[PDB]
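Enquirer: Below is one structure. I have some questions about it.
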Number of protein chains: 4
Amino acid sequence: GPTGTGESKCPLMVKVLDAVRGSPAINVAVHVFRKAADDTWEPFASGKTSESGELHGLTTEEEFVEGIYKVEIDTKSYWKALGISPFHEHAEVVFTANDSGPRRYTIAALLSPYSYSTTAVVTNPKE
Amino acid sequence: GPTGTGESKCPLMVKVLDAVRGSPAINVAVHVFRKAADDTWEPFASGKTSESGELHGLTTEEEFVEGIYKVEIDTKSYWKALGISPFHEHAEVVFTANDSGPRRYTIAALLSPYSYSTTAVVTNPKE
Amino acid sequence: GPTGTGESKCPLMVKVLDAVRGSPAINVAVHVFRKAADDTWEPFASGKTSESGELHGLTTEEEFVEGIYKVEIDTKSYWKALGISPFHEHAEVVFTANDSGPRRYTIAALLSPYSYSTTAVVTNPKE
Amino acid sequence: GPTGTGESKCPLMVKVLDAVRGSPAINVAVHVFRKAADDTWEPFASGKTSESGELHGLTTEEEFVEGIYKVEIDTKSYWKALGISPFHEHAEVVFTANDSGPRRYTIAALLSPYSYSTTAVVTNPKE
């Protein structure tokens, strides 16, 4: 695996899949932002998906406080490397982190050239 | 509302999209079956999607009685003709229809070589 | 093909579906932005989906010049009004448009409380 | 975890997610069929998803020969337990297993009351 800014009990994980080739989406850049008080997006963590299409160790429990986050997936670069013309500039996921709910957040993204789907799996357990 | 093999107030429509090309999926074969009294699948209607990736005129309100129906979409032929060998043999949609009176059903499918999604839009008639 | 805030040969359309109720998503707020010369998002058009879950009349072929556009769909308001508290704050679609002449763009979105999918259908004009 | 008929290097795994609640789909029945020479479907393996929404140990490498398989997911029961009216009778995935391609097959299914998506991840490595 690759990583981000601080690694611990992995409160946040990203998984990206390729719907064209039926495989993990490898070496895809992912940037995480936290919404700041001035309503701007502050860089928070970043990395590249591993050979199993996952990105772990982006943050730690102490750091992952309640707030608004944005996960940006560089889908355009991914398709370009394959010699395929994509529609989207990138894929963005914006969500609120709340302490009330379950503690691990898994963001999954399924990519096609002209379409994507994203889903959140929120649990108590592990990934 | 007519009666037979045509289109009533089109009680059943199919719409198919291609997530690789960002266009309607044209000339896709569709076969519809109804579960008979003896529990086997009987042929009900068939057609091919048009240039807009839609299929209308499959049945009439009179012919479309209460029952369990299967919509089979020939995805494999579609991809092979494009030079791609896909994962699935076909996409199948199975549902109970009209069990509380006549409804209008739109079955939508979004295709990728290794993934598909299907959604139903159900409307309670009148004109 | 007109000119301004209306609908040319409707160059940009949005369609939103609800995967929980099996119906169009009605009264969903949509905001469109264009990336300005200084790299910031400028307001371009806004509307609400109709009873068929579509939004037409956002722009004209003349106003819809080459550029990077963001379509923001207010999913959170939609679900909350239904008594559900959803995962995402909104769904965002970002793309380059018209970089090889005028095209017609349909942006479709399928909504679930913890997941959404978006697809683009691009057509090369004429009438 | 739960299991199927013979457990080994897990050539076939099933993962099911709930798009309404953003969680694993637990205790969902899954039946696997292999297409027989008479063109009928022979029961092959079955089980219920575990608390992480997965089903492993359905088969072994020796048994998983090339052929046509069907994976049936009992989605209707799942929604009914939640007190939600679903559209589909069940979700079906039909595919050919070939020795040429990568060796592990992961079938994932994302469920909503009126929609589902399925994706195949085929790899050399592990799950």
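Enquirer: Work out the charge dipole of the range B:1-122 with +1 on the Cβ of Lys and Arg and -1 on the Cβ of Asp and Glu about the Cα centre, then indicate which of B:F33, B:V65, B:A109 is farthest towards its positive end.
Expert: Working it through, the farthest residue towards the positive pole turns out to be B:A109.
Enquirer: Next up: Which residues does a label at C:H56 reach in the range C:5-21, if reach means a backbone N under 19 Å from a point 7 Å past the Cα toward the Cβ?
Expert: Residues C:5-17 fall inside that zone.
Enquirer: Using a 7 Å offset from Cα along the direction of the beta-carbon, what are the separations from D:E61 to the same position in each other copy, nm, ascending?
Expert: Going from nearest to farthest copy, the values are 3.8, 6.1, 6.1 nm.
Enquirer: Given the C-alpha centroids of the range B:17-32 and the range A:1-39, what is the distance between them in whole angstrom?
Expert: Between the Cα centres of the range B:17-32 and the range A:1-39 lies a distance of 32 Å.
Enquirer: Loop-only trypsin sites (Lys or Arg not before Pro) in the range C:46-127, please: DSSP not H, G, I, E or B, and at most 11 other Cβ atoms within 10 Å.
Expert: Answer by residue number: C:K126.
Enquirer: Related question: In terms of modelled amide H atoms, which long-range or inter-chain residues lie less than 5 Å from the amide H of B:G47?
Expert: Amide H neighbours of B:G47, under 5 Å, 5+ apart: B:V30.
Enquirer: List the equivalent ellipsoid semi-axes of chain D in whole Å, largest first, each obtained as the square root of 5λ for an eigenvalue λ of the Cα gyration tensor.
Expert: 25, 16, 13
Enquirer: What GluC sites (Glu not before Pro) does the range D:1-59 have in DSSP loop regions with at most 16 other beta carbons within 10 Å?
Expert: Here the GluC sites (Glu not before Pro) that fit, given the DSSP loop and packing criteria, are D:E7, D:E51.
Enquirer: Restricting to DSSP H runs of at least four residues, report the calculated mean residue ellipticity at 222 nm for chain B, -39500 (n - 2.57) per run over all residues, nearest 500 deg cm²/dmol.
Expert: Computed mean residue ellipticity for chain B: -1000 deg cm²/dmol.
Enquirer: How many angstrom lie between the C-alpha centres of the range C:84-127 and the range D:78-99?
Expert: 27
Enquirer: Can you list the equivalent-ellipsoid semi-axes of the protein assembly as shown, largest first and in whole Å, using the square root of 5 times each Cα gyration tensor eigenvalue?
Expert: Working from the Cα gyration tensor, I get semi-axes of 34, 31, 22 Å.
Enquirer: Please find, in a Gaussian network model of chain C (springs between Cα atoms separated by less than 10 Å), the residue of C:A37, C:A29, C:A97 whose mean-square fluctuation is greatest.
Expert: Per the Cα network of chain C with a 10 Å cutoff, C:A37 tops the list.
Enquirer: State the extension gain, in nm to one decimal, for the chain segment bounded by B:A37 and B:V122, taking 0.36 nm per residue of separation less the distance between their alpha-carbons.
Expert: 28.1 nm
Enquirer: Turning to a different aspect of this structure: Between copies, how far does the label point of A:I26 sit from its twins, in nm, shortest first, when each point is 7 Å from Cα along Cα→Cβ?
Expert: Relative to the other copies, A:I26 has label-point distances of 3.5, 3.7, 5.0 nm.
Throughout, read-outs are computed from the coordinates displayed, never taken from laboratory work. Every residue, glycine as well, gets a Cβ built from its backbone with ideal geometry; the counts of neighbours run over all protein chains shown.
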